[PDB]
């Protein structure tokens, strides 16, 4: 449902409009050719024009396919890749990897196949593209086209940029609206935080914290910020839409209560990956409970409520005591200084609750006051049942270790220590992260599973940063606005918008 005149809205500016862009965008290879979606495509498309470069983009594609290849078909896929790219007389031959590394790769295949066999060649290839190919791309019309896309990304976003639909629930201050970007037709979930209620509470720092944690996290398993704009009355956060309901509803209304272990395995795997992405930004979630794990239209989950998240400075501890009764780690209950450990405690509570259909310290059919629940979180060992394999018991109690120093995932190794746990022994994370493992439950599309003071002006300016680069570029790709608009001249000639001669 794109706006009637969307090709006018996303109409490319003339390349002469982007000179300021050209002089300020940092020419970092990883940013312009990989991390940024549209930059990645444009650079790949530049390599589509040089015969020598084309072979390298095809190779990196086959390596990615190899990484998520099932363990049994690794030898087959490896032998294929070997005889297709790294053999000398091939029409598609990787020459910059050097015969000194292609002979090594032939030995890796002579022994057990590993999912990392081509990692050495892949870096060698990127080491080559960082040089002459990248700097050629910079002086090509595809980087001028990239600057045109950046120019659109920077355009101001406003209330008129969106199309509000229905009320998607309510929370602190305001409610989740349902945005649709007029120009592209993509759906989102507004988060209208009312201005009069932020100032009345004096909670301005809490709004920017959430907005800034959201724009930095770039996870498949955490709600991502796409836009941040102000609309006179309220500040808005445009977020990933999740129409599949929350995990609490699926544990208790759709569950036994509870899930089969293998089903909870899948959700735990995706939640662990969410926490891992947050921890890369040394950010602690602290709100891990079933109602905050949402499902999407496909059945995948994302962590949603980041209102209690904070960015921990590197080499620092914080003091808080926040969250929900029953889902506060003991170090949080005691108001101690902690790091990321509360989230691995929450993961434990989630895995337990998914398998057993009740909390490990409160019975589903138990009327108990908070004093006893908290006392239990601090003093009693949770007990398991025949719904848990020995592996499931192990990870839950390791994650539910009262002492954060001895708790799983709270060492220097981080989330990797949790992924190694025998509970994920049958879980292939590369494939999960690549979205290749089918979710265990697919929501049906049709279903519904549920003043003038300038001191405020400086706060609105730091919030209303507008578009978020990576989410925005991905939006252009999903809606096919990129495929449709990213057209050049007939026979690789410069289109009018990229020729500095006739504007």
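Residue numbers count along the first chain shown, from 1.
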(message) With neighbours modelled on both sides, does residue 451 go without coordinates in a third or more of the other PDB entries compared?
(response) yes
(request) Enter the number of deposited residues without atomic coordinates between residue 442 and residue 443, binned as none, 1 to 3, 4 to 9, or 10 or more. (result) none
(request) May I ask you to compare 247-255 and 377-385 by their mean CA B factor in the entry and name the higher one? (result) 377-385
(request) Could you check which stretch, 62-70 or 453-461, carries the larger mean CA temperature factor in the entry? (result) 453-461
(request) Determine which member of 304, 334, 104, 324 has the highest CA B-factor, using the values in the deposited entry. (result) 104
(request) In terms of CA temperature factor as recorded, identify the highest of 448, 436, 470, 32. (result) 448
(message) Considering every modelled residue of the chain and its Cα B-factor in the PDB entry, is residue 45 in the lowest, middle or highest third?
(response) middle
(message) Among the modelled residues of this chain, does the Cα B factor of residue 352 put it in the lowest, middle or highest third?
(response) lowest
(request) Quick one: classify residue 292 as lowest, middle or highest third of the chain based on its Cα B-factor. (result) lowest
(message) When the deposited Cα B-factors of this chain's modelled residues are ordered and cut into thirds, is residue 493 in the lowest, the middle or the highest one?
(response) highest
(request) Please rank the C-alpha B-factors of the chain's modelled residues and tell me whether residue 314 sits in the lowest, middle or highest third. (result) highest
